[PDB]
**Student:** 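What follows is a single structure, and I will ask about it in a moment.
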Amino acid sequence: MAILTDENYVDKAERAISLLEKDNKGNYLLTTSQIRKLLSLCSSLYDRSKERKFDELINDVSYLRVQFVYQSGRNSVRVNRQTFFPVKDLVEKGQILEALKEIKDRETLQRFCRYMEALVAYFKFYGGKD
Amino acid sequence: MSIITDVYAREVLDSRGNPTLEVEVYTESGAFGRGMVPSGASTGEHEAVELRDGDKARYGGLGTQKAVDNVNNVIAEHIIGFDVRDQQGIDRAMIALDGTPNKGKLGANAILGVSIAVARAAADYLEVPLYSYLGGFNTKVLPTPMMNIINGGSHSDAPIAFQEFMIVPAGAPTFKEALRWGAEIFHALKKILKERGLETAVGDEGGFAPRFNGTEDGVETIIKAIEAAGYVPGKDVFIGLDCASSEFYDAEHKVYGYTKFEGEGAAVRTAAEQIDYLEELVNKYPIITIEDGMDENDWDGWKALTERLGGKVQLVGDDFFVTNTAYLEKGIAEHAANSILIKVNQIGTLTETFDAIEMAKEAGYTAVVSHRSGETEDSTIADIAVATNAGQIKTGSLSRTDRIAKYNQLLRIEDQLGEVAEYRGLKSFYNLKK
Amino acid sequence: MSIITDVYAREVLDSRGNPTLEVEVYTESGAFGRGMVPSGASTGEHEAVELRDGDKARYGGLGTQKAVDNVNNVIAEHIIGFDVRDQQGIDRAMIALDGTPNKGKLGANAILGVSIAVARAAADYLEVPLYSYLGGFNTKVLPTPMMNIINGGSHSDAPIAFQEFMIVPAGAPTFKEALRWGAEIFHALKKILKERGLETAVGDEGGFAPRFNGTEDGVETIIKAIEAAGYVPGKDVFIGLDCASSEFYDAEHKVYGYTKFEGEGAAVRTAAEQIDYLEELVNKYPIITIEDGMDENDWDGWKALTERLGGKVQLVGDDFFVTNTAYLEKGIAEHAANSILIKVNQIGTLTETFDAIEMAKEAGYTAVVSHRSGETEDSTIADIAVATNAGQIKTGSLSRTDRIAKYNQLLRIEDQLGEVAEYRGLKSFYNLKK
Amino acid sequence: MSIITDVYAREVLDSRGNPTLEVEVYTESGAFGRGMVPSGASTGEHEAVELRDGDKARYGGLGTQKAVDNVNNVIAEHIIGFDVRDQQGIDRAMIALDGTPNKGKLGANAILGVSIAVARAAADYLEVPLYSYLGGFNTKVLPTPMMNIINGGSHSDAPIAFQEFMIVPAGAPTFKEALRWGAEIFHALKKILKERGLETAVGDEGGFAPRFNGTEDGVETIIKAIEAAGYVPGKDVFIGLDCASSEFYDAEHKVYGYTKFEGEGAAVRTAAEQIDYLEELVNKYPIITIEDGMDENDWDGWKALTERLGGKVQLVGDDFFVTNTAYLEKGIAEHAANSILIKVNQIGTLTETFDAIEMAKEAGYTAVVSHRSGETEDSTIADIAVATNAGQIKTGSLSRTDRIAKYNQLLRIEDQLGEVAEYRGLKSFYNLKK
Amino acid sequence: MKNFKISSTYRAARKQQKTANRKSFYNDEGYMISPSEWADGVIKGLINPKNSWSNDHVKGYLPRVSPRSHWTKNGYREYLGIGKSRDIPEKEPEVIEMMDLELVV
């Protein structure tokens with residue numbers, strides 16, 4: 001049983017980012033600067049999955065996972081004496097780590113990178129800031 | 001040295017067992033002041049409102065922890081660092097910090113407690129009496145008291161529409177003698193009621209609430225008590241009324257319905273019928289004061305009452321004005337009433353209280369410093385009355401310490417003043433001719 | 001610096017309209033103390049007497065100008081020059097200057113006023129709280145209050161022979177919570193009496209005196225009010241009684257005639273039947289206190305009552321001991337009662353009050369600091385109860401500032417004590433087993 | 001100016017030459033207080049333990065550098081900034097800082113030294129005597145001394161099982177006369193021992209430890225010396241015993257074996273036989289106090305002894321209660337003993353010492369403030385005894401200034417109190433009857 | 001801050017220049033706000049009342065702070081930080097050889 005399939009990842013990203021925490025004014029707490037490194041690493045992993053075999057990209061996925069955990073744990077936004085952690089909220093509401101656990105070949109890796117594409121696309125669609 | 005270093009509120013109990021708050025102010029040199037707030041009303045359209053908790057679990061929703069928190073966390077940060085003698089600056093800073101006309105955010109009780117505590121701490125620092133600090137060097141007039149002696153209306157089961165009946169010992173030479181006369185009349189009335197078989201226990205202000213036949217019977221028994229004490233009604237001791245006609249006024253019919261308190265068969269009186277009813281009461285009995293004889297919204301009736309009886313009888317607007325500068329200005333413009341009842345927590349600040357007193361005095365009106373139904377051991381209103389040279393006070397009966405505290409403070413003020421102290425009596429009713 | 005410079009007395013009014021006196025003490029550095037005297041009794045076989053004028057033309061013979069002159073012209077010339085911290089020396093000097101066992105030459109009211117004023121001035125000079133000055137550094141125990149809630153006997157027209165009823169919130173965690181519980185039960189009882197059509201006006205102590213059917217009716221209504229407020233009788237709030245059996249005791253027939261208050265059908269009991277009635281009341285209701293259960297001169301009855309009920313209920317001697325060291329020692333010798341009602345003006349000075357408290361504590365008795373019928377805005381008995389760590393106070397109901405002032409002072413003392421403040425509740429009844 | 005700014009500690013010597021620590025406290029204005037700690041025990045299941053170095057090369061492992069370092073580096077940073085008059089707050093903060101029921105981390109000796117230094121600095125700051133600061137304005141009772149005259153048990157080689165014998169001059173008019181009587185009886189007994197050829201050198205507590213024949217011979221010699229000085233035994237001077245029955249109690253056989261100290265043909269007595277022997281001794285001699293007459297864990301024997309001799313003989317529990325609040329609760333509940341020996345270093349805090357004293361007083365027990373085997377020139381226990389009005393002290397014999405210091409402090413206190421000072425004498429045994 | 005205390009000259013300057021009568025208030029982002037909105041935010045919990053206001057400005061370059069004193073073991077007064085200031089000379093420095101360096105006059 002996989003959480004990401006070719007028939008649901010775009011709608012999954014839709015629902016995942018429509019549930020992200022918002023300020024009292026309605027703006028998203030997440031910004032593109034907080035996830036810029038993760039997006040760059042996902043883009044590079046997608047680029048390198050086309051040429052090289054999956055066994056060569058065994059350290060890149062692990063680096064991507066440790067980057068996801070580090071960024072989710074370190075990014076904090078404080079408004080109105082309340083501190084939220086938008087990257088961790090995005091990771092748990094998008095099931096990023098669980099999807100990363102189901103990466104075992106080129107197909108699943110490319111599906112995950114397309115899922116991240118969809119996540120940031122729809123984040124920008126609903127008023128996400130740079 | 002005089003810089004405020006600590007402002008701290010705590011929740012205490014008022015005279016009815018309901019919560020209120022007290023504020024303590026400490027300055028740098030160790031001067032200390034404590035202000036206790038009387039219990040007012042938390043809801044009001046054009047009056048200052050007190051902040052209540054509303055938590056039904058604690059004190060029936062009447063806790064004052066929110067106002068205490070507002071003092072400790074909001075007012076304390078702003079006020080600490082001010083000079084303790086900067087009463088007007090502190091009061092204006094609190095008014096600006098609240099930001100609302102009705103003082104509903106901070107709570108009027110919070111602001112009043114801080115104001116009184118600051119004034120008392122400044123008087124302590126200067127080592128001067130509180131009336132000297134508040135009113136300057138020319139503070140000498142001892143107020144004439146309106147001693148509430150009989151209760152009716154919504155405070156009694158008796159068929160009497162009028163809320164309060166009072167004795168005014170305006171014929172006494174000194175305030176000490178006036179207090180003695182009032183105590184003796186109070187005890188003579190107690191004996192008369194015990195002989196008559198009526199209820200003797202006291203109410204909120206210390207006055208009796210017997211089962212009389214009506215208003216006339218209550219005034220006659222008050223006069224009998226005065227004569228039993230050995231004083232001449234109309235020369236030594238006079239009668240005042242607090243009708244509180246807003247309680248039994250039908251707004252939609254524009255008629256003062258006396259049937260609310262005097263049974264189904266009571267006479268139902270319109271505006272002019274109320275006017276000449278009050279005139280008949282004034283002619284029959286030695287009445288010097290009538291308070292709230294018209295509804296708070298019957299401006300034409302108030303103007304007709306002032307035209308008819310304003311030259312010889314003091315007409316006090318309690319609910320008519322509600323210690324509001326705008327309403328008092330309007331009443332002065334339209335020649336409505338000739339006296340205002342001043343309640344400190346209805347406006348919530350000492351500066352605004354003194355502004356209202358000064359505005360009333362400038363128009364020929366008399367300002368009557370008044371007590372609330374739920375009082376404390378704090379007797380600042382006595383110092384306010386002496387400081388303003390108002391010449392009239394209304395602080396209750398001769399029974400409970402919530403009322404006796406102000407009389408004791410006035411006795412202390414008279415003793416301190418010595419030969420300078422003046423009790424004017426009838427001359428303190430300067431709003432009346434002759 | 002601490003040398004007493006000025007001692008001045010004046011006449012003020014108590015919480016009944018009757019005169020009393022207050023004394024002000026000034027030292028050389030500007031330390032100020034004020035002591036007001038509660039009104040007591042000028043007639044007593046072995047209790048200290050207060051000095052009244054007896055002039056029927058002034059206050060009905062209750063003026064206190066004689067005691068004021070005694071302070072101003074006799075005590076002041078003797079005490080001025082003493083160190084303000086010499087409380088024991090000043091009190092001994094005043095007792096010697098009186099030279100009379102019941103303090104009739106100078107008046108016990110004058111001596112008590114000077115004692116309280118000197119103690120408060122000494123506390124003001126040392127910049128310590130009054131309880132710290134009086135009791136030392138280890139003052140932490142907030143008293144358990146017996147809040148009077150229902151009256152009878154000579155204070156009511158109801159057929160209840162017992163003088164008054166109290167609620168004891170001994171299950172509360174803090175004194176703040178105990179005060180809130182007492183206030184909520186008071187308001188619940190007020191609502192219940194309103195539903196039943198009974199009277200709502202308060203008496204001298206602040207408590208209701210409705211027209212109940214009998215003692216059991218009043219106790220059951222108290223239990224109903226406790227349960228309506230949301231508290232468990234016998235675990236959170238207990239019931240105490242002041243029978244004041246000296247009122248309805250027939251000295252010649254050696255019987256307790258309830259017919260004086262409960263009508264012609266009341267039961268005339270002997271000492272044994274009275275003890276049986278008290279025991280069955282204790283077994284029927286959650287009663288933890290009985291005050292003046294027997295007559296002040298029925299020593300055999302007191303001994304039998306202590307043998308029967310003294311293990312599980314507190315037996316307080318109010319008229320039995322009249323705050324007397326000789327009587328208290330005699331009672332300790334014969335195992336009569338297990339508590340004494342400490343009235344500060346029944347003995348005369350603070351030194352003698354503290355001697356009586358410490359003798360009772362050493363004998364295993366509990367000392368209950370008590371109010372008088374005529375109280376003031378002075379709240380020194382709260383500081384006495386905290387300073388001695390007595391653990392019990394009887395300062396009236398929740399309806400008048402003469403009583404609420406002591407509760408507010410106890411709230412202030414608890415606030416300053418902070419984390420070291422102790423409310424023991426049931427553990428304050430150390431005269432009982434388990 | 002009352003804020004604690006400096007806390008220093010240093011290692012000094014006690015009366016036996018073993019190390020102890022002393023603490024000094026300086027406030028901002030310069031108020032100074034020094035506290036010296038008596039030598040206690042670092043072992044015990046339910047007692048506060050002192051902290052020792054354990055370095056066998058230095059003082060045989062009895063150094064106190066660890067506790068001094070704890071005061072200088074741990075306690076001082078926590079306590080600096082407190083008000084010096086916040087004794088309860090400081091003591092609670094230090095108890096929390098230790099975090100251990102027996103104060104084993106910081107050391108009970110360190111905590112007691114800081115407590116005493118803080119109390120003395122606060123008394124210096126307020127410019128009041130130490131007993132006035134500790135016990136308030138009502139501090140007048142000069143304690144009755146039970147002073148050691150003859151030793152035995154483990155402090156002597158004579159065949160006497162009982163540890164200590166004391167004289168109690170309870171018939172003296174003043175404390176000065178009682179001290180003179182004790183010193184004269186001490187010198188007369190010295191003369192009698194010199195005539196008999198026995199030894200004259202004094203032990204740790206200052207009393208003689210001669211080679212007598214038994215308990216009866218020792219008490220007979222004490223009575224002979226009392227009569228030689230010129231005082232009536234049983235009227236002017238009484239005898240007291242410190243059996244220390246734990247030292248010759250066999251736990252396995254549940255028997256009191258006198259063979260440990262009294263030889264080989266010594267009687268072996270059960271609990272009932274021990275009670276009979278003590279009752280026979282009390283009937284034979286004017287013995288008024290017996291201390292540790294039973295084992296520290298023999299609760300049934302203690303209860304039976306209090307049943308038999310508790311009405312006429314004061315029974316003190318030293319090892320029985322170990323001045324522990326919980327053991328005192330259990331003893332009061334179980335009717336075991338009627339007096340507690342109060343040692344301030346077995347608790348480690350003045351606040352808890354005073355708590356134990358008033359708790360014992362509330363039960364009808366007497367608190368006897370006691371010294372330790374290794375004392376200092378500090379005489380705070382005398383001020384404690386006067387402050388609590390305990391009326392009993394046990395501070396040693398008349399031959400070393402580790403005891404004469406406390407006796408001189410009591411002489412100074414009696415001189416300062418003047419006419420107020422009271423020596424109750426035989427009345428100070430309020431735990432007895434008649 | 002225990003080694004030093006507020007100077008009396010600065011306290012007098014602040015007292016009778018009335019700088020505490022002209023406080024400025026800030027929200028949680030450190031932006032100036034009116035006292036009404038500051039009170040409203042503090043009541044609502046959106047502003048910490050402690051670190052959100054300023055006591056104007058005192059003119060004249062006065063020293064704000066003076067050394068605090070304590071009592072030594074013999075009862076003499078001493079500055080708190082004078083005697084525990086340092087114990088070792090921190091070793092140091094390092095003499096870097098840079099003879100080849102064109103200096104500028």
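Naming convention: chains lettered A, B, ... in sequence-line order (proteins, then strands); numbering from 1 in each chain. Excluded from the calculations below are hydrogen atoms, water molecules and symmetry mates; all remaining heavy atoms, backbone and side chain alike, are included.
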**Student:** Is a side-chain N or O of D:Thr306 found less than 3.5 angstrom from the main chain of D:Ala337, in a donor-acceptor match?
**Tutor:** yes
**Student:** Report yes if the distance between the aromatic ring centroids of D:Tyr430 and D:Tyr365 is under 6.0 Å, otherwise no.
**Tutor:**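 Centroid separation for D:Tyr430 and D:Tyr365: 6.0 Å or greater.
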**Student:** Would you say the ring centers of C:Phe162 and C:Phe261 fall short of 6.0 Å from each other?
**Tutor:** no
**Student:** For C:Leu350 and C:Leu134, which heavy atoms make the closest approach, and how far apart are they?
**Tutor:**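 Smallest heavy-atom distance, with atoms named: CD1-CD2, 4.2 Å.
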**Student:** Please report the closest heavy-atom contact between C:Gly396 and C:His371, naming both atoms and the distance.
**Tutor:**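 Heavy-atom minimum between the residues: N-ND1, 3.0 Å.
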**Student:** Taking only residues two or more places apart in sequence or in another chain, which ones pass ring pair (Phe, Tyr, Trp, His ring centres under 6.0 Å) with D:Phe175?
**Tutor:**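 Partners of D:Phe175 under the ring pair (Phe, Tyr, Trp, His ring centres under 6.0 Å) test: none.
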**Student:** Side chain to side chain contact (heavy atoms under 4.5 Å, CB included) between C:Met294 and C:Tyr249: does it pass, once the steps are laid out?
**Tutor:** CA-CA 9 Å; C:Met294 315 296 292; C:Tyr249 183 74; over 6 Å; no
**Student:** More than 12 heavy atoms of other residues, nucleotides or ligands under 6.0 Å from CD of C:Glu280: yes or no?
**Tutor:**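 Yes, because the 6.0 Å sphere around CD of C:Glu280 holds more than 12 heavy atoms from other groups.
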**Student:** Do C:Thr64 and C:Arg52 meet the criterion of a side-chain donor-acceptor pair at a distance under 3.5 Å?
**Tutor:** no
**Student:** Which residue pairs pass the salt bridge (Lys or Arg N to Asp or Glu O under 4.0 Å) test when at least one of the two sits in residues 347-357 of chain C, sequence neighbours left out?
**Tutor:** C:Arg92-C:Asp355, C:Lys103-C:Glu352, C:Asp355-D:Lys140
**Student:** Taking all atoms of both residues into account, what is the closest heavy-atom pair of D:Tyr423 and D:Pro145, and its distance?
**Tutor:** OH-CD, 3.4 Å
**Student:** Quick one: closest heavy-atom pair of C:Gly107 and C:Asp98, and the distance?
**Tutor:** N-OD2, 3.9 Å
**Student:** Checking C:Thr380 now: which residues fulfil side-chain contact (heavy atoms from CB on, under 4.5 Å) with it, not counting sequence neighbours?
**Tutor:** C:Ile116, C:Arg120, C:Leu130, C:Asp378, C:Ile384
**Student:** Between the main-chain N or O of C:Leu106 and the side-chain N or O of C:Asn70, is there a donor-acceptor pair closer than 3.5 Å?
**Tutor:** yes
**Student:** Go through the steps for C:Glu362 and D:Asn431 under the test side chain to side chain contact (heavy atoms under 4.5 Å, CB included), then give the verdict.
**Tutor:** CA-CA 8 Å; C:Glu362 284 167 350; D:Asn431 58 353; over 6 Å; no
**Student:** Minimum heavy-atom separation for D:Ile342 to D:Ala367, with atom names?
**Tutor:**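 Smallest heavy-atom distance, with atoms named: CG1-CB, 3.7 Å.
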**Student:** Between C:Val168 and C:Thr144, is any pair of side-chain heavy atoms under 4.5 Å apart?
**Tutor:**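 Yes - at least one pair of side-chain heavy atoms lies under 4.5 Å apart.
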**Student:** Just jot down the salt bridge (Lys or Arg N to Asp or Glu O under 4.0 Å) partners of C:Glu296, sequence neighbours excluded, or say none.
**Tutor:** none
**Student:** Going by the salt bridge (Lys or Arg N to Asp or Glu O under 4.0 Å) test, which pairs reach into residues 301-314 of chain C, not counting sequence neighbours?
**Tutor:** C:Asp276-C:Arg308, C:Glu279-C:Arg308
**Student:** Could I get the full list of side-chain contact (heavy atoms from CB on, under 4.5 Å) partners for D:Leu426, not counting sequence neighbours?
**Tutor:** D:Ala170, D:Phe238, D:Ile288
**Student:** How would you list, by chain and number, every residue that makes a ring pair (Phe, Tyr, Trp, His ring centres under 6.0 Å) with C:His46, sequence neighbours excluded?
**Tutor:**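 Partners of C:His46 by the ring pair (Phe, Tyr, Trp, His ring centres under 6.0 Å) criterion, ordered by chain and then number, come out as C:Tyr327.
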**Student:** Check whether the side chains of C:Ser115 and C:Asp91 place a donor and an acceptor atom closer than 3.5 Å, and report yes or no.
**Tutor:**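 Yes, C:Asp91 and C:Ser115 have a side-chain donor paired with an acceptor closer than 3.5 Å.
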**Student:** Among side-chain atoms of C:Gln163 and C:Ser154, is any donor-acceptor pair under 3.5 angstrom?
**Tutor:**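 A donor-acceptor contact under 3.5 Å links the two side chains.
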**Student:** Quick one: does D:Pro143's side chain get under 4.5 Å of D:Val369's, heavy atoms only?
**Tutor:** no
**Student:** Pick from D:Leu309, D:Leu315, D:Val313, D:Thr366: which one makes a side chain to side chain contact (heavy atoms under 4.5 Å, CB included) with D:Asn338?
**Tutor:**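 With D:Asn338 as partner, D:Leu309, D:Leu315, D:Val313, D:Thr366 yield a single side chain to side chain contact (heavy atoms under 4.5 Å, CB included), made by D:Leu315.
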**Student:** Can you tell me if D:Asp383 uses its side chain to pair, donor with acceptor, with the backbone of D:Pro129 under 3.5 Å?
**Tutor:**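 Checking the backbone N and O of D:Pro129 against the side chain of D:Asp383, no donor-acceptor pair under 3.5 Å is found.
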**Student:** Output every pair passing salt bridge (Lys or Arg N to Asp or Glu O under 4.0 Å) with a member in residues 240-254 of chain C, not counting sequence neighbours, ordered by first then second residue.
**Tutor:** C:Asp242-C:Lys394
**Student:** Could you walk me through whether D:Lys361 and C:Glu358 satisfy the side chain to side chain contact (heavy atoms under 4.5 Å, CB included) test, starting with their C-alpha distance in whole Å, then the side-chain angles of each, then the deciding distance to 0.1 Å, before giving a yes or no?
**Tutor:** CA-CA 9 Å; D:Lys361 276 200 161 198; C:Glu358 65 183 1; 5.6 Å; no
**Student:** Between C:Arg85 and D:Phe137, is NZ or CZ placed under 6.0 angstrom from the six-membered ring centre and within 45° of the ring axis?
**Tutor:**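 No cation-pi geometry.
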**Student:** Which distance, rounded to the nearest 0.5 Å, do you find between the CG of C:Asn109 and the CG of C:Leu21?
**Tutor:**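 With rounding to 0.5 Å, CG (C:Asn109) is 5.0 Å from CG (C:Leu21).
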**Student:** Got a salt bridge between C:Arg403 and C:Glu205, using NZ or NE/NH1/NH2 to carboxylate O under 4.0 Å?
**Tutor:**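 So C:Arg403 pairs with C:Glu205 through a salt bridge.
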**Student:** Ignoring hydrogens, what is the shortest heavy-atom contact between C:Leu341 and C:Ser370? Give both atom names and the distance.
**Tutor:**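 That would be CD1-CB, 3.4 Å.
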**Student:** Side chains of C:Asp204 and C:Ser373: donor-acceptor distance under 3.5 Å anywhere?
**Tutor:** no
**Student:** Is a side-chain N or O of C:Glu50 found less than 3.5 angstrom from the main chain of C:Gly40, in a donor-acceptor match?
**Tutor:**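 Pair found, side chain donor or acceptor close to backbone of C:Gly40.
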**Student:** Who pairs with D:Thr289 by side-chain contact (heavy atoms from CB on, under 4.5 Å), at least two apart in sequence or on another chain?
**Tutor:**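 Result, side-chain contact (heavy atoms from CB on, under 4.5 Å) vs D:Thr289: D:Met146, D:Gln314, D:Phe429.
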**Student:** For D:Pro173, what residues pass the side-chain contact (heavy atoms from CB on, under 4.5 Å) criterion, not counting sequence neighbours?
**Tutor:**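 By the side-chain contact (heavy atoms from CB on, under 4.5 Å) rule, D:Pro173 matches D:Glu177, D:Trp181.
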**Student:** Checking C:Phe320 now: which residues fulfil ring pair (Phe, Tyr, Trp, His ring centres under 6.0 Å) with it, not counting sequence neighbours?
**Tutor:** C:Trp299, C:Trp302
**Student:** Applying salt bridge (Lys or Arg N to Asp or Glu O under 4.0 Å), name anything that partners D:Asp236, two or more places apart in sequence or on another chain.
**Tutor:** none
